[PDB]
Amino acid sequence: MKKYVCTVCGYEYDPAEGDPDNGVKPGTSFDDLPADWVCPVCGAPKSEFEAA
Ligand SMILES: [Fe+3]
């Protein structure tokens with residue numbers, strides 16, 4: 001349930017919440033996001049998130 005933060009915009013990916021409108025149900029770990037997922041607030045890539 002390790003949260004990750006976007007280092008562009010500060011958005012926090014929270015595995016307990018997922019990202020439904022991008023097809024990520026609640027409970028999905030950050031490491032299991034789809035290869036094409038990007039930060040939903042700013043568009044940044046997953047390579048620019050850090051553990052939070
Ligand atoms: Fe972002």
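The numbering of the sequence shown is the entry's author numbering, which starts it at 1 and goes up by one. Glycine is no exception: its CB is placed at the ideal position from the N, C-alpha and C atoms.
Nearest candidate by alpha-carbon position, reference residue i, set the options
i	options	result
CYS42	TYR13, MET1, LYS2	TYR13
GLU17	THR7, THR28, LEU33, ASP32	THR28
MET1	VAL8, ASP32, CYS9, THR7	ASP32
Test item: CB-CB of residue i and residue j under 8 Å
i	j	result
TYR4	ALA51	yes
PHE30	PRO15	yes
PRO45	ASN22	no
Nearest-residue set for ligand 1, Cβ under 6 Å from any heavy atom: With 6 Å as the limit, the residues whose C-beta approaches a heavy atom of ligand 1 more closely than that are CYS6, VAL8, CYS9, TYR11, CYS39, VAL41, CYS42, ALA44, in chain order.
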